[PDB]
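Structure first, commentary second.
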Amino acid sequence: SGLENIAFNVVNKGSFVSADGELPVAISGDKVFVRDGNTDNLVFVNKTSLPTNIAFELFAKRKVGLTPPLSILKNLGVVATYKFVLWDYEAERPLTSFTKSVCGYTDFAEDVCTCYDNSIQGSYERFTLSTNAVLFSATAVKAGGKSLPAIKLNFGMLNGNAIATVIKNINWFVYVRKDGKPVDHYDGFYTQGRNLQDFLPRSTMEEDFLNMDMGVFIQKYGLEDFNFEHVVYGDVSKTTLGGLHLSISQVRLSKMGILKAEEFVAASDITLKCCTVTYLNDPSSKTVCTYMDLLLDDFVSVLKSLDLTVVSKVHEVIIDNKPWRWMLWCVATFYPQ
Amino acid sequence: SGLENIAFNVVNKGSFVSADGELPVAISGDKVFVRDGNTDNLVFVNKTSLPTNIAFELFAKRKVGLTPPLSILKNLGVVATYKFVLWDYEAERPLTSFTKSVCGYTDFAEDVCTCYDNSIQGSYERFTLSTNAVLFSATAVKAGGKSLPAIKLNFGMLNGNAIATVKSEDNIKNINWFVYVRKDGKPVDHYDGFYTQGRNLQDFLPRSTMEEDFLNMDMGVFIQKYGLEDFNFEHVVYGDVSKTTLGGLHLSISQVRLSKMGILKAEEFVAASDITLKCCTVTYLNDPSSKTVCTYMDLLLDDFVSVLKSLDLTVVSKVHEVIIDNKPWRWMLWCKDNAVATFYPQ
Amino acid sequence: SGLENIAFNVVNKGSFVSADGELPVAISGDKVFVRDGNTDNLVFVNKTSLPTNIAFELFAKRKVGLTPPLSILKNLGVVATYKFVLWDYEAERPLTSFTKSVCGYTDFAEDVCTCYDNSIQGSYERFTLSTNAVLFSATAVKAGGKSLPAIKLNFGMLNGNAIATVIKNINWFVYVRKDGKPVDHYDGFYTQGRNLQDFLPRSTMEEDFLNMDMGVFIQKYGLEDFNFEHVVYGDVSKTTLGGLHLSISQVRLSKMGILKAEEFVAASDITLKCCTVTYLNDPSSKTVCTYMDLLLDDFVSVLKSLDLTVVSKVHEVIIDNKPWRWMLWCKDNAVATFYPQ
Amino acid sequence: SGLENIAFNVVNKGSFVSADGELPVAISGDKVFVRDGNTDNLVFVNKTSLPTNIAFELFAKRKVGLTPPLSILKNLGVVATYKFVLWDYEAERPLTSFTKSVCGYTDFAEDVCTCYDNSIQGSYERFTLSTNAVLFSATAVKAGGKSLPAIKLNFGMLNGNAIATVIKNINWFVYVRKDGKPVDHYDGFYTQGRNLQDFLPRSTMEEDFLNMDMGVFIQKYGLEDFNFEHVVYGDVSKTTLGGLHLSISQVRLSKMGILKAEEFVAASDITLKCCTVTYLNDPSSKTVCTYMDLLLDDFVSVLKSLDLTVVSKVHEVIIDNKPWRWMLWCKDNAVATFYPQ
Amino acid sequence: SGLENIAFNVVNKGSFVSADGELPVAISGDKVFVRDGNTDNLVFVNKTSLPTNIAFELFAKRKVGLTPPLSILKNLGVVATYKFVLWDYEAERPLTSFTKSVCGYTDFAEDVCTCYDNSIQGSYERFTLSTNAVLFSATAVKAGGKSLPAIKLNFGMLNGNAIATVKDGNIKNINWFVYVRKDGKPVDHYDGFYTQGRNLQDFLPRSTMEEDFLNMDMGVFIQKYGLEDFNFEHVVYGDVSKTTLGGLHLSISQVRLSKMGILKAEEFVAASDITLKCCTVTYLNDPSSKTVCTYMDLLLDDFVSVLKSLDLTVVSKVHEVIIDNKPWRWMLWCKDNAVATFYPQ
Amino acid sequence: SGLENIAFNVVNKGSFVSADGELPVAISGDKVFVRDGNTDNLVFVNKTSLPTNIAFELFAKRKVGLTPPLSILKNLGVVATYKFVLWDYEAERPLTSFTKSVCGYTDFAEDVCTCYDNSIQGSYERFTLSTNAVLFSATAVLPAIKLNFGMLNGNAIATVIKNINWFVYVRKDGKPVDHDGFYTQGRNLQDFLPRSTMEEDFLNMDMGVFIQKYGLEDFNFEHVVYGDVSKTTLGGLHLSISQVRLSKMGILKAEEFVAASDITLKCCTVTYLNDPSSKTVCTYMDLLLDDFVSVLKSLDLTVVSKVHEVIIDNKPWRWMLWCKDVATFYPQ
């Protein structure tokens with residue numbers, strides 16, 4: 001019911017819970033202070049292009065706890081969100097510049113592609129009545145009796161941290177509507193949204209990839225055909241650095257010594273990452289390294305779709321519901337863009 | 001209801017009236033924006049050392065309309081105000097950095113000299129029970145029929161502009177303020193001295209007959225009329241452009257009369273409505289002349305003259321102490337021929 | 001082709017002419033500097049909530065020279081502008097937060113109500129294909145060689161200044177299209193966009209209003225039944241002012257003495273203005289003073305549309321294509337008070 | 001003697017030592033630069049609500065090296081500090097907005113509650129003449145001839161880092177005065193001031209709690225009545241984290257997997273801390289997790305003070321010289337749930 | 001005591017006099033505050049690209065009172081300035097951004113063209129020994145009894161305000177003398193005309209011709225000074241009759257037009273160091289606009305002098321007239337033994 | 001050809017490659033945003049005193065990948081650089097306030113000491129034509145500065161099979177030079193790697209074994225280098241590698257007064273948490289351990305008090321010496 005109120009909620013509850021109360025608030029440049037006793041504590045720092053007080057409010061009104069991965073929602077063309085805001089924790093910014101019934105400043109009028117949270121009363125109804133829109137739910141929408149064509153997710157984010165199923169089940173179901181018309185498209189591959197430091201294997205294959213030597217691993221999974229000498233492992237034997245087009249391959253290399261990734265831009269909503277990687281111990285490096293995080297199993301399966309029977313070609317493979325062009329030689333070198 | 005409510009009030013009522021409503025607010029740098037439709041408007045720019053949003057709130061909670069002159073309140077040592085802020089429109093800041101029961105951020109717990117508005121409920125009580133305090137009132141505090149001793153003002157400020165009692169000619173208009181002081185759990189027995197009129201160079205209007213004649217009459221006629229021959233206004237007051245360094249220009253009114261006959265520029269080192277003794281660089285273009293440090297105050301010409309007649313002109317050098325805005329001020333006197341050579345402050 | 005190109009244009013031409021060249025540009029806080037020789041010159045100071053470099057660019061790409069009044073277009077609900085931006089010189093910002101084919105950062109892909117300039121090639125066509133749009137032109141738009149229905153204006157803005165037809169002819173024609181269809185009805189009056197300092201009278205009445213002793217004016221123009229000595233002229237003999245609901249009333253007063261006016265928000269796109277007014281010489285004030293800048297002629301027109309036999313009537317009068325609630329009080333078959341909001 | 005002097009001190013000696021010299025200084029926004037040769041170096045970034053140059057000065061004049069823990073002082077009502085500032089290396093600001101004889105801008109004179117350093121000459125004398133004051137010292141104050149009641153601490157901070165007596169002896173004695181009279185006695189427990197990453201055991205019980213399985217440990221210290229598993233150890237078994245109401249329990253948990261804690265507000269002067277804890281390996285979050293850092297020995301001797309014969313209870317426990325409420329749900333001859341707030 | 005000391009000087013004496021004292025100072029954004037009692041007063045606002053505390057100091061170290069015109073100094077290639085700064089009061093920035101022995105932050109090592117004030121000890125020595133440099137003086141350098149070649153100005157600025165030599169007795173003499181050194185030796189020749197410092201608002205006539213120009217109906221003026229062969233009703237006086245304005249290439253043209261009605265002029269970049277001004281002019285009462293209007297402040301006498309030196313036969317020619325020690329291109333068109341257009345650039 | 005062009009390059013290629021095309025750019029305070037779709041991503045945060053947009057430009061035009069150590073180049077008096085920019089990744093500012101043919105705003109007309117890159121055409125020529133100047137090359141050219149180490153994308157790197165070298169040449173007052181000390185390796189506490197088998201031993205070996213093996217018994221390491229937590233005041237830690245070994249045994253915290261990659265003699269406040277001690281000032285260097293030892297054996301045992309001058313990164317440094325006849329060694 002005001003900035004001071006928002007501050008109170010955040011200082012105490014960590015987010016905006018609608019709780020009643022107020023704290024004195026100072027806005028200096030990109031910083032937000034709240035006065036406690038005789039001194040001011042800095043509760044927020046603005047990383048966005050929005051007015052600080054506003055960016056603060058949006059962050060307070062963010063969806064808290066378990067949340068859907070942002071990368072897909074970005075690709076789906078989402079513009080405004082309804083009665084809530086998705087926070088990109090890496091980028092330290094909201095997923096959108098636009099909002100519906102959240103913040104008087106960011107609130108938006110004209111009809112536009114809009115994301116709906118199914119845990120919010122009356123959202124789903126508004127979804128079906130929308131020409132263009134997206135909806136996500138913890139549970140599969142029933143019409144009628146079994147399921148709807150959807151996007152199924154065994155993973156997601158918890159308080160901004162990459163999370164996934166293990167006995168805990170994490171599930172997301174995404175639905176899409178274009179030009180008045182629902183869609184059955186929905187395929188085939190999705191990024192796991194894991195970072196370098198906190199990376200944990202989500203599969204038994206990934207469990208093995210980090211531990212086993214290249215030979216025993218390759219032999220085990222029958223990857224002998226595909227050449228990992230260059231790609232998917234990476235080679236410091238050369239001054240210019242081979243492979244590392246998977247988030248997971250970098251993780252293995254950082255176990256063998258000091259690996260530094262500096263991304264050009266950083267966001268959790270980006271499907272295809274681009275960084276500059278440097279390996280210190282045997283000093284190779286890659287000025288432009290294009291990578292993305294895939295469940296290794298999902299990646300191998302996309303290798304199965306290939307052949308040694310062409311010299312070169314573009315395969316576009318479908319990830320986060322976009323075409324992504326990968327370039328190939330023969331198997332010798334493989335990589336996106 | 002907070003910032004967005006304050007914004008609503010200011011945009012609509014011009015100040016904070018405790019009206020109900022909200023406008024979305026943006027804070028960028030020193031600027032306060034309200035969003036009306038598809039565009040943002042600029043309602044405030046921060047001239048203070050406070051957080052932009054706080055300065056804005058303090059400004060909205062400022063006393064509006066008729067207000068007392070700020071200089072006397074400063075000279076009385078007011079640290080904080082109770083349930084109001086006084087805005088210095090010259091300085092574009094509050095009279096104080098501290099408040100009681102106004103803003104959560106600037107509210108101050110510790111015991112200080114506090115100013116009280118007698119127009120506000122509960123103030124007189126807090127004041128008479130206060131060890132050190134100041135109180136101002138638009139009507140005289142009276143123990144029956146007989147007025148308690150006070151600082152008595154026939155002038156004041158209106159929305160940041162200097163006003164005063166006037167006849168209206170072709171019908172009176174009375175501006176009055178009354179100011180009461182408490183030091184060490186006791187009232188003060190008497191108030192004396194002179195008060196500065198708070199006028200500025202552009203908007204200056206004469207508040208007396210003498211001040212009217214000063215701006216109109218040629219120097220001879222004026223001096224002749226008021227019997228001023230011994231004080232030699234020709235230097236001390238009027239100011240002299242004949243030389244390359246300016247004459248006195250020690251009164252606000254001196255600069256006004258001079259700016260009628262040519263181009264006069266005055267740059268103040270610091271500008272505030274609460275400063276009783278002001279300092280500027282003065283420049284007169286038409287007959288180029290300058291004063292790098294020009295110390296002036298705005299005094300009713302009648303009061304300044306009054307002071308002169310209190311002077312012993314037989315003396316060679318003398319340092320006179322003159323009470324203005326309830327403070328002692330130091331003024332240098334040099335005489336010859338039993339007439340004034342120089343009379344200036346500091 | 002960039003910030004440096006734009007700076008070159010502004011510093012030289014005073015606007016973006018698409019002319020070729022570059023100057024070194026420094027952005028510090030809300031200030032924009034061009035480096036000339038060994039020193040940096042201050043060019044733009046940013047009064048907007050937009051990024052300092054964007055506000056500069058939009059200011060550079062603003063329509064220069066003669067421009068249409070901003071008030072109406074704001075009321076017509078314009079979200080965006082096509083191949084140009086309109087500058088509000090009072091507000092020191094654009095009329096809109098959005099543009100179409102102007103600036104990459106502010107360019108908006110979706111469907112919103114858009115203002116179109118006819119002088120700009122390609123615009124009229126896009127105007128008629130738009131579901132909701134506005135368009136303005138310096139010349140009438142004819143279908144059958146006979147003019148289309150339009151908002152017709154004898155005045156406007158020149159380089160952020162208020163000018164009028166006066167041998168000098170200034171004309172604007174405004175056309176709206178809402179919900180797939182044009183609009184056949186424009187009724188109302190319009191605000192002249194003048195301000196207190198630069199105010200010039202645009203009629204014979206106005207000239208007379210300013211020069212003539214009131215009551216001679218009251219007589220010659222036959223307003224006796226009207227309250228003007230209160231409702232218009234304004235009354236300084238009381239601690240509270242009254243009247244001053246027209247710009248021109250303040251203008252006549254500022255001539256009589258020292259009149260100060262602080263607007264709560266300043267914009268050239270605002271129809272109904274609000275400010276605190278103060279008069280020093282016979283001290284008087286109005287804390288909330290709502291005012292217009294209507295042609296005095298247009299105001300008198302409204303006064304004669306009134307039923308003076310009433311007690312309290314709230315009239316809705318059309319100004320700048322919007323209804324505006326006005327409170328009338330009558331006494332002895334004369335106006336007691338007439339004011340807005 | 002001036003901003004440029006202060007910068008000379010900081011760039012060379014790390015703090016303000018009163019050394020003579022000057023360096024050219026640039027204040028841009030929240031940043032402070034010194035010019036060394038042809039380039040500017042960034043000395044300081046301003047995290048405070050204070051003007052950048054003032055925060056830089058206060059940071060320079062901060063008490064350096066061995067310092068008292070800030071939580072007690074904050075809680076004790078401390079307003080101004082006298083001839084020193086205390087820096088909070090977490091919050092990156094001073095313990096106070098006000099000072100006495102330190103910085104001309106922050107220097108404030110009207111009597112208030114003032115903290116005094118005994119290593120600073122003249123202070124004790126000023127402490128005893130103060131109506132409301134606080135004194136701290138590295139050595140006990142005697143009189144007459146024996147001792148004085150005090151808050152005694154075996155731990156402190158060193159250059160913003162948590163340290164305890166461990167062959168090194170670390171001691172602080174804090175004294176208080178209200179209403180012209182000394183403070184009769186001091187009670188309660190004290191937070192250790194440690195943090196999740198830099199945590200070190202201050203006691204043998206703490207060492208064991210970290211290195212031992214439950215029930216080897218619980219058996220050894222005979223805590224069986226108090227139910228530790230759900231109340232302390234922070235079982236991740238469920239979707240909502242349990243336990244984690246002590247720093248040390250969050251430390252033991254971060255050994256077994258990835259534990260994230262986002263604090264709403266960071267300060268080293270804060271007694272009762274509140275964050276959002278996340279555990280990735282077997283996912284669980286406590287959206288609001290209120291915790292303290294208490295010597296585990298001090299926590300247990302709190303538990304033994306409890307009455308386990310009651311069902312619903314609110315216990316008031318004194319920590320850092322303030323009462324704090326904990327809820328005791330204990331059911332039968334044991335503890336069901338014990339948590340603060 | 002640096003910043004706090006400088007502040008004490010500005011708040012009290014108006015500039016830095018090397019008085020002793022300290023005031024607590026707060027730098028917030030582009031603003032400089034001093035604490036007086038319980039409140040901060042705002043003493044400075046930074047319009048420069050320099051750090052705020054630095055621009056405050058350079059301003060305090062500005063030359064105060066009577067100062068030389070900054071246009072010539074800029075044109076002469078001045079880069080740094082020795083033991084003083086010159087403040088441009090219009091642009092609210094220094095003339096330089098580089099200093100020699102002024103401010104530790106702004107101070108410069110490498111050899112560059114430097115300006116010297118002759119009232120400052122050590123200055124003339126360094127100037128005569130400089131390979132490139134400029135000197136200015138309130139008094140002529142003379143040897144002996146006879147004055148070396150210089151730039152003689154009877155006008156100048158006073159506290160940022162344009163003043164000039166002026167006259168009931170009443171002579172106030174304003175004089176500046178400028179000396180240049182390029183490539184290890186003096187320049188022997190100074191020619192051309194000089195712009196005054198005047199602005200539209202504070203403008204004052206410096207000659208009888210200018211007084212008459214302002215007070216006289218055109219053609220009474222034109223008759224009196226015999227200007228008929230020149231276009232003055234256009235190309236000087238300026239013409240509100242059409243949509244595009246025209247004329248107004250002199251500061252004094254705008255001034256005269258400014259007293260006949262409402263005239264607005266908005267400069268593209270404002271400075272006191274600029275010889276050739278460029279703005280956008282608008283006349284409200286008879287609506288007219290010159291979108292790009294280039295003009296100068298020239299003694300009307302000096303301009304009339306340029307006109308009479310023109311060849312009135314030739315159809316079109318580019319003229320070069322030297323103003324503020326730089327060549328400026330003026331375009332000429334002659335109709336029949338008379339001016340058609342005469343304009344800068 | 002502009003800011004929007006630069007942004008395009010940076011977001012895509014990581015630096016300015018001259019590639020064509022543009023992206024929408026927002027400048028707020030010290031932050032630089034590029035608009036991508038419906039959101040603005042934050043590309044750059046300005047740590048310099050330069051205009052935000054300029055600093056961003058200089059960062060983009062920086063030399064990328066393999067670079068020379070800046071310590072030397074600072075000391076040689078380098079003022080402007082020619083058609084390139086050297087970035088200090090620790091200070092997050094460039095090496096100079098000036099440039100020659102790089103950025104229109106930072107570009108400088110007057111003649112000054114100028115560093116040249118020899119992988120840039122027309123450089124060596126302009127270098128030899130220059131009154132005072134500096135040149136660095138990936139290959140030799142003659143008297144030089146031989147460096148088997150350097151920086152890679154802002155990381156301290158060096159030779160081990162991977163060979164990396166740098167050659168530096170100087171001119172002063174219209175003539176070449178003859179140059180000649182040791183050089184700092186530019187490593188940092190966290191990312192430290194031993195570049196010499198001796199250092200490899202220093203970290204991994206207990207003290208006595210180390211001192212006996214390399215025969216350092218005379219001058220006691222247990223004080224001067226290894227560092228000693230015993231006293232309330234730390235002591236030792238005048239080397240980078242000395243702090244790296246201490247951080248192995250517990251919690252070590254250093255706070256530098258000023259952080260730069262171009263700095264030779266480092267300074268900072270050091271603290272050991274596990275067995276508390278602090279050094280308030282602690283000036284220190286990163287020297288190849290072998291090269292520091294070679295300094296010790298140029299020393300006189302027989303003097304009670306001696307002030308030694310040593311050349312590190314082409315600069316004289318005052319080192320303090322007392323002997324037990326061996327006792328105390330440390331700078332400034």
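Letters for chains follow the order of the structure tokens (A, B, ...), residue numbers begin at 1 for each chain, and ligand numbers begin at 1 in the order shown.
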Using only C-alpha atoms, find each residue of chain C with at least one atom at most 9 Å away from an atom of chain F; report its shortest atom-to-atom pair and that distance in Å (one decimal), sort the rows by chain and rising residue number, and return the result as JSON lines.
```
{"residue": "C:1", "atom": "CA", "partner": "F:2", "partner_atom": "CA", "distance": 7.5}
{"residue": "C:2", "atom": "CA", "partner": "F:2", "partner_atom": "CA", "distance": 5.5}
{"residue": "C:3", "atom": "CA", "partner": "F:3", "partner_atom": "CA", "distance": 6.6}
{"residue": "C:4", "atom": "CA", "partner": "F:2", "partner_atom": "CA", "distance": 6.4}
{"residue": "C:5", "atom": "CA", "partner": "F:2", "partner_atom": "CA", "distance": 8.0}
{"residue": "C:22", "atom": "CA", "partner": "F:2", "partner_atom": "CA", "distance": 8.9}
{"residue": "C:23", "atom": "CA", "partner": "F:104", "partner_atom": "CA", "distance": 7.7}
{"residue": "C:24", "atom": "CA", "partner": "F:105", "partner_atom": "CA", "distance": 5.0}
{"residue": "C:25", "atom": "CA", "partner": "F:105", "partner_atom": "CA", "distance": 6.9}
{"residue": "C:26", "atom": "CA", "partner": "F:51", "partner_atom": "CA", "distance": 5.5}
{"residue": "C:27", "atom": "CA", "partner": "F:51", "partner_atom": "CA", "distance": 5.6}
{"residue": "C:28", "atom": "CA", "partner": "F:51", "partner_atom": "CA", "distance": 5.5}
{"residue": "C:29", "atom": "CA", "partner": "F:29", "partner_atom": "CA", "distance": 5.5}
{"residue": "C:30", "atom": "CA", "partner": "F:29", "partner_atom": "CA", "distance": 8.3}
{"residue": "C:34", "atom": "CA", "partner": "F:105", "partner_atom": "CA", "distance": 8.8}
{"residue": "C:35", "atom": "CA", "partner": "F:105", "partner_atom": "CA", "distance": 6.8}
{"residue": "C:50", "atom": "CA", "partner": "F:26", "partner_atom": "CA", "distance": 8.7}
{"residue": "C:51", "atom": "CA", "partner": "F:27", "partner_atom": "CA", "distance": 5.7}
{"residue": "C:52", "atom": "CA", "partner": "F:27", "partner_atom": "CA", "distance": 6.5}
{"residue": "C:53", "atom": "CA", "partner": "F:27", "partner_atom": "CA", "distance": 6.2}
{"residue": "C:54", "atom": "CA", "partner": "F:26", "partner_atom": "CA", "distance": 6.8}
{"residue": "C:103", "atom": "CA", "partner": "F:24", "partner_atom": "CA", "distance": 8.2}
{"residue": "C:104", "atom": "CA", "partner": "F:24", "partner_atom": "CA", "distance": 5.4}
{"residue": "C:105", "atom": "CA", "partner": "F:24", "partner_atom": "CA", "distance": 5.2}
{"residue": "C:106", "atom": "CA", "partner": "F:24", "partner_atom": "CA", "distance": 8.9}
```
Spatial neighbours of segment 288-293 of chain D, max dist 9 Å, only C-alpha atoms, sep filter under 4 positions, as an MDAnalysis selection string: (chainID A and resid 12:14) or (chainID D and resid 190:195 243:248 271:277 339:341)
Next, the residues of the selection above should be written as a compact mmCIF listing (two decimals), in the first residue's frame with N, CA, C and O atoms.
```
# COMPACT_ATOMS: atom_id res chain seq x y z
N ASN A 12 11.27 -7.64 6.81
CA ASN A 12 10.82 -8.69 7.72
C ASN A 12 10.57 -10.03 7.01
O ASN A 12 11.25 -11.02 7.29
N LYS A 13 9.60 -10.05 6.11
CA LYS A 13 9.23 -11.29 5.41
C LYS A 13 10.10 -11.66 4.20
O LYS A 13 10.02 -12.78 3.70
N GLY A 14 10.93 -10.74 3.72
CA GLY A 14 11.80 -11.01 2.58
C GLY A 14 11.15 -10.78 1.23
O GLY A 14 11.84 -10.68 0.21
N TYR D 190 25.35 -13.68 24.93
CA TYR D 190 25.91 -12.82 23.89
C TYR D 190 26.20 -13.58 22.60
O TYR D 190 26.78 -14.66 22.61
N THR D 191 25.77 -12.99 21.48
CA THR D 191 26.02 -13.56 20.16
C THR D 191 27.50 -13.46 19.78
O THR D 191 28.14 -12.44 20.04
N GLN D 192 28.03 -14.52 19.17
CA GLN D 192 29.46 -14.62 18.86
C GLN D 192 29.95 -13.76 17.70
O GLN D 192 31.15 -13.48 17.58
N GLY D 193 29.04 -13.35 16.82
CA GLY D 193 29.38 -12.45 15.74
C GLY D 193 29.95 -13.12 14.51
O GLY D 193 30.37 -12.44 13.57
N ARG D 194 29.96 -14.45 14.50
CA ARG D 194 30.53 -15.21 13.39
C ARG D 194 29.62 -15.20 12.17
O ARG D 194 28.49 -14.69 12.23
N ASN D 195 30.11 -15.79 11.08
CA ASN D 195 29.33 -15.92 9.84
C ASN D 195 29.53 -17.29 9.17
O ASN D 195 30.51 -17.98 9.44
N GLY D 243 14.78 -26.87 11.67
CA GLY D 243 15.99 -26.42 12.33
C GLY D 243 16.58 -25.12 11.79
O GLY D 243 15.85 -24.18 11.45
N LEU D 244 17.91 -25.07 11.73
CA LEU D 244 18.65 -23.91 11.24
C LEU D 244 18.39 -22.61 12.01
O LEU D 244 18.45 -21.52 11.43
N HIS D 245 18.11 -22.72 13.30
CA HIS D 245 17.89 -21.52 14.10
C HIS D 245 19.17 -21.02 14.77
O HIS D 245 19.16 -20.01 15.48
N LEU D 246 20.27 -21.72 14.52
CA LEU D 246 21.58 -21.29 14.97
C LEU D 246 22.53 -21.24 13.77
O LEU D 246 22.33 -21.96 12.79
N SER D 247 23.54 -20.39 13.83
CA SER D 247 24.52 -20.31 12.75
C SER D 247 25.17 -21.68 12.57
O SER D 247 25.26 -22.20 11.46
N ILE D 248 25.60 -22.26 13.69
CA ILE D 248 26.34 -23.51 13.69
C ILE D 248 25.58 -24.67 13.06
O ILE D 248 26.19 -25.57 12.49
N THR D 271 21.59 -8.46 16.13
CA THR D 271 21.55 -9.61 17.04
C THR D 271 20.74 -10.75 16.44
O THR D 271 21.26 -11.85 16.23
N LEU D 272 19.46 -10.49 16.20
CA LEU D 272 18.56 -11.50 15.65
C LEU D 272 18.53 -11.42 14.13
O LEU D 272 17.99 -10.46 13.56
N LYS D 273 19.08 -12.44 13.47
CA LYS D 273 19.27 -12.42 12.02
C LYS D 273 18.18 -13.20 11.31
O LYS D 273 17.67 -14.19 11.84
N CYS D 274 17.80 -12.74 10.12
CA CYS D 274 16.71 -13.36 9.38
C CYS D 274 17.05 -13.46 7.89
O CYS D 274 17.43 -12.47 7.26
N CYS D 275 16.90 -14.66 7.32
CA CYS D 275 17.27 -14.90 5.93
C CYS D 275 16.33 -15.89 5.24
O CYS D 275 15.40 -16.42 5.86
N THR D 276 16.58 -16.14 3.96
CA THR D 276 15.89 -17.18 3.20
C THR D 276 16.88 -18.29 2.86
O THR D 276 17.76 -18.11 2.01
N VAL D 277 16.73 -19.44 3.51
CA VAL D 277 17.66 -20.55 3.33
C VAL D 277 17.16 -21.50 2.26
O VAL D 277 15.97 -21.83 2.19
N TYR D 339 11.48 -22.33 18.86
CA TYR D 339 11.92 -21.34 17.87
C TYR D 339 11.60 -19.90 18.31
O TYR D 339 10.66 -19.68 19.07
N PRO D 340 12.37 -18.93 17.80
CA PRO D 340 12.20 -17.52 18.17
C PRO D 340 11.03 -16.87 17.42
O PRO D 340 10.31 -17.54 16.68
N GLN D 341 10.87 -15.56 17.61
CA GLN D 341 9.77 -14.83 16.98
C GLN D 341 8.43 -15.51 17.26
O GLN D 341 8.28 -16.23 18.26
```
Residue nearest residue 155 of chain A among A:87, A:233, A:221, A:172 (counting only C-alpha atoms):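 Counting only C-alpha atoms, the residue closest to residue 155 of chain A is A:172.
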Residues flagged strand (DSSP E) by DSSP in segment 8-226 of chain C, as a VMD selection string: chain C and resid 25 to 28 31 to 36 39 to 45 66 to 67 80 to 82 87 to 88 93 to 94 98 to 100 114 to 117 133 to 137 151 to 153 155 to 158 161 to 164 172 to 178 181 to 182
Interface residues on chain F facing chain E, 9 Å, only C-alpha atoms, written as a list in words: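 Written out as asked, the residues are residues 49, 51, 110, 111 and 112 of chain F.
For the residues B:107, B:22, B:92, B:203, ranking by smallest atom-to-atom distance to chain C using only C-alpha atoms places B:203 first.
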Who sits within 12 Å of segment 219-233 of chain E, only C-alpha atoms, same chain under 3 positions skipped, as an MDAnalysis selection string: chainID E and resid 208:216 236:241 245:250 253 257 300:301 303:313 332:343
Backbone DSSP call of alpha helix (DSSP H) for segment 10-113 of chain B, listed as an MDAnalysis selection string: chainID B and resid 10:13 52:60 70:75
Shell of 12 Å around residue 242 of chain B, only C-alpha atoms, local chain residues under 5 positions omitted, as number ranges by chain: B: 234-235, 247, 284, 286-290; E: 166-172
Within 10 Å of residue 123 of chain A using only C-alpha atoms, minus same-chain residues under 5 positions, as number ranges by chain: A: 82-83, 115-118, 128, 135
Spatial neighbours of residue 231 of chain B, 12 Å, only C-alpha atoms, chain gap at least 4 places, as a ChimeraX atom specification: /B:223-224,226-227,235-238,304-313,333-343
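Any residue of chain B with an atom no more than 9 Å from chain D counts as a contact; using only C-alpha atoms, that gives residues 49, 50, 51, 110, 111 and 112 of chain B.
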